[PDB]
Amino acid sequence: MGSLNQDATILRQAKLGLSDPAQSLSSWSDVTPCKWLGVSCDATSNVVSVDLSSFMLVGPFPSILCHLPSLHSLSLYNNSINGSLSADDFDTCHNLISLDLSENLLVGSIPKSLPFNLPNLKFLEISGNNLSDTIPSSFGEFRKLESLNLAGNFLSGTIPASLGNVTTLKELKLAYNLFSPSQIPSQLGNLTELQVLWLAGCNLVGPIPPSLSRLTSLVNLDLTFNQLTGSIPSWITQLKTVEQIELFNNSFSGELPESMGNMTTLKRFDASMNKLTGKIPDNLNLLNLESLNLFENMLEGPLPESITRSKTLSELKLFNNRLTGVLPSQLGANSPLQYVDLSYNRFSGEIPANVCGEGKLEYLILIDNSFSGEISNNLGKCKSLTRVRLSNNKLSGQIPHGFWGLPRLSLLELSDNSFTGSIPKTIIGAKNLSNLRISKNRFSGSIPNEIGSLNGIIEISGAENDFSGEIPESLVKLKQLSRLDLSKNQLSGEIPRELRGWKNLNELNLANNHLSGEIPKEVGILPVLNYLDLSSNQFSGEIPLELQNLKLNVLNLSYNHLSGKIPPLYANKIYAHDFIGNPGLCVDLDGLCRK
C-alpha cells in the first residue's frame, strides 16, 4: 500500500506538468499504478520504469518522475517535450540507468553537469532534437555508459577527445550534427569495446586514424557523408564480427583492400562516391553479403565470378566506374537479386540469363555499356520488375513476348539498341506502365491500339524506328500523356481531330513520317503543349489560327504540303525557319504575299 501510494502521487504530479491532448495517460486519471499504461514496477510495488514512447505529450522535461526512488528507466521517446535542459532538471535523476529523450522539441545546450547528476547511466539518447553548442567535455567522466546517441541535432564545435575515456562504450552515435571541420579524434581508439561507431555527416576531414584498428569488436562502422581521405584501411578486413561498413560520399582513394574477400560476416558494404581506383578484389567468399554498393568511383577490371558465392545478395550497384569484361554467367541464379544497377561502365557480352532466377528482381539498370545478344526469354517472366533501363548498349533480336506486359513494370527503356519485331498486343497487361522509351531501334509494324488502354502512361517515345500504318485513335484518350515522340518512322494517315483528352500533352513530335490531312484545329486548345514538330510530312490545308494560343518552344511545320497564310503571330522573319519547304505557303508582309 505504502509504495503504491507514493508512486501514484508522484506519477500524477508529473502528469499535471504535461499537456496530453491524445489522452495517452487516461489510465493515470480504480487500478494500482503498477498497471497504468507505460508504468512498470518491481516486486515491492515501486515504480522502476516509465516508458511514455510516442504518447504525444507536450511540455517541459517532467523531472518530478525522478522523485520515484526506484526509477531506473525513463523514456520520453517521440513526444513534444520542449524548452531546454537545465542543470537542475536532472539533480534528482541520479538513480537512472537509462534515459531516452530522442525525437522531441528540445533546444539549447547540453548541461555540463549532466554526467555528475546522472552517474549511473548506461544508455543515453537525445537524438533528433534541436540541441546546440558543444558536446561537454565532462562526458568523459561517465563510468558506466554503454550507449550514447546524440545524432541529428545542431551540436557544433568538434567531437571531444575525452569521449575516449568512456571505455565502457559499446555504441557511439553522433551522426548528422553541425561540427566544425575536424579529424576523428585519435582517442576514440581507446574505446576498445565499441560495436557501433556512427559519425555520418560530421564534417570529418583527414584519414581514419590508425588507433581505430584497436576497435576489434566493431559490428557497424558508418562514416558516410564526410570528407575523409587516404586509403580504406585494410584492418577492417580482420574484424571478426563486422556486419556493416558504410563509407559512402567521402574522398577515399587507393584500392579496396585486397583481402576483403574473406569478410565472411559482412552483410552490407557501401563505399560509393569516393575516388577509388584499381579492381574489385577477387576470391570473394562473402557468404553473408546482402548489399554491395561501389558506384561513382574509378574502378576498373571485371566483376569477379566469385560474387556468385554470395547466396543472399540482393543489391548490387556498381554504376559509374570503368568496369569491363563479361558478367558472371550465373549472376542471380542463386541470389535474391532485387536491385541491379551497372550503368555507365564498359561491360560486354550477354546479360546473364538468370539475373531474375529467384523472382525478386525489381530494378535492372544497365544503361551505357556494350552488352550484346538478346534479352533472355527468362526476363519475359520476371513479374517483379518495375524499372528496366537497357539503353545505349549493343543488344539485338526480338524482345521476349511477356516483357511488354509485365504487371508492375513502370519504366521500360530500350532505346538505342538494334531490337527488331512488332510491339505485341500483350502490352495490354502492363497496367503500371508510365514511360515507354524505345527510340533508335528497328521495331516494325503498327503501333498497337492496346497502348491506348494503359491509363497511367505519361511518355511514349518511339522515334527512329520502322513503325508504319496509322497512329491509333486510342492514344488520343490517354489523359496523362505528356510526351508523344514518333519522329523518323513510316507512319501514314492523319492525326485524329478530337484531342481534348490530351490535357497533359506537353510535346507532340511526329516529324519525318508520311502523315497526311490537315493539322487539326484542336492542337491549339491543348493547355500545356510547348513542343510541336510536324515537319517532313505531307500535311495539307491551312495552318490553324489556334496555334497562336500556345507558347511554343518548338514549332516546326517545314517540309509539308501546306497552303494559305502564315498565322500573323508568326509573320516575323525570325519564325521563317518554322515554315520553309511549303511551296503553297506565304507571309502577309504589308499587303501582298511573299513566298
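The first residue of the sequence shown is number 1, and the count goes up from there. Each form is matched to the other, and the largest set of C-alpha atoms that superpose within 1.5 Å is called the rigid core.
> Between 499 to 507 and 328 to 336, report the one with more C-alpha displacement in 4 other deposited structures of this protein relative to this form after a rigid core superposition.
Stretch with the larger root mean square C-alpha distance in 4 other deposited structures of this protein: 499 to 507.
> How do 373 to 381 and 516 to 524 compare in 4 other deposited structures of this protein: which one has C-alphas farther from this form after the rigid core is matched?
Comparing 516 to 524 with 373 to 381, the one that moves more in 4 other deposited structures of this protein is 516 to 524.
> From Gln548 on to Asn549, does the model leave out none, 1 to 3, 4 to 9, or 10 or more residues of the deposited sequence?
Nothing is missing between them.
> Looking only at CA atoms, which has the higher mean B factor in the entry: 134 to 142 or 470 to 478?
Comparing 134 to 142 with 470 to 478, the higher mean C-alpha B-factor belongs to 470 to 478.
> Averaging the C-alpha B factors as listed in the entry, name the stretch that ends up higher: 446 to 454 or 175 to 183.
The stretch with the larger average C-alpha B-factor is 446 to 454.
> I'd like to know which of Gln244, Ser147, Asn249, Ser376 has the highest C-alpha temperature factor in the PDB entry.
Highest C-alpha B-factor among the listed options: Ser376.
> In terms of recorded Cα temperature factor, pick the maximum from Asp222, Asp341, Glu494, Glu290.
Highest C-alpha B-factor among the listed residues goes to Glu494.
> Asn435: which third of its chain by C-alpha temperature factor?
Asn435: CA B-factor falls in the middle third of its chain.
> Splitting the chain's C-alpha B-factors into thirds, which one does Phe116 fall into?
Middle third - that is where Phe116 ends up once the chain's C-alpha B-factors are sorted.
> By the recorded C-alpha temperature factor, relative to the other modelled residues in its chain, which third is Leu256 in?
Ranked within chain, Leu256 CA B lands in the middle tercile.
> For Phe403, does the deposited CA B-factor place it in the lowest, middle or highest third of the chain?
Highest third of the chain for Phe403's C-alpha B-factor.
> Lowest, middle or highest third: where is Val31 by Cα B-factor in its chain?
Its C-alpha B-factor belongs to the highest third of this chain's values.
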